[PDB]
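Just the one chain here, laid out as structure tokens, in the form deposited in one PDB entry.
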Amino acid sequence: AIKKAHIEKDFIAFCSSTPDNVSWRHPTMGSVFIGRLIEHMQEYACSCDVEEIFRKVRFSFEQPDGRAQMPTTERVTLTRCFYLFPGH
């Protein structure tokens, strides 16, 4: 027996900046979005779902300094909360 399934489901994209806009990178320290993503994933993977963590990453960029960027979540079809349950 055959059944129908959504062609596109359970996706989440996270981009380093908004459309039209640059994303920053340091020659010795790496990309700010990547570094910030790792730090937030390290801290919050235990207690927050991935959508929540990505939002926290966005929040950390809220106050613009000399250089600014705003990470964007895109084309989301996650129907459930995705918890990493680190250690399990």
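Numbers for residues come from their place in the sequence shown, where the first is 1. Rigid core (definition): largest C-alpha set, two forms, superposition within 1.5 Å.
If you look for the form deposited in another entry, you will not find it shown, but the lines that follow are about it.
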Exercise for the section: Examine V22 after superposing the rigid core and state whether its CA is displaced by 2 Å or more between the shown form and the other one. Expected result: yes
Practice task
Would you mind telling me if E39 and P19 are closer or farther apart in the other entry than in the shown form, C-alpha to C-alpha, with a 3 Å or larger change?
Solution key: closer
Practice task
Mind checking the CA-CA distance of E43 and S23 in the other entry? It differs by 3 Å or more from this form, so is it closer or farther?
Solution key: farther
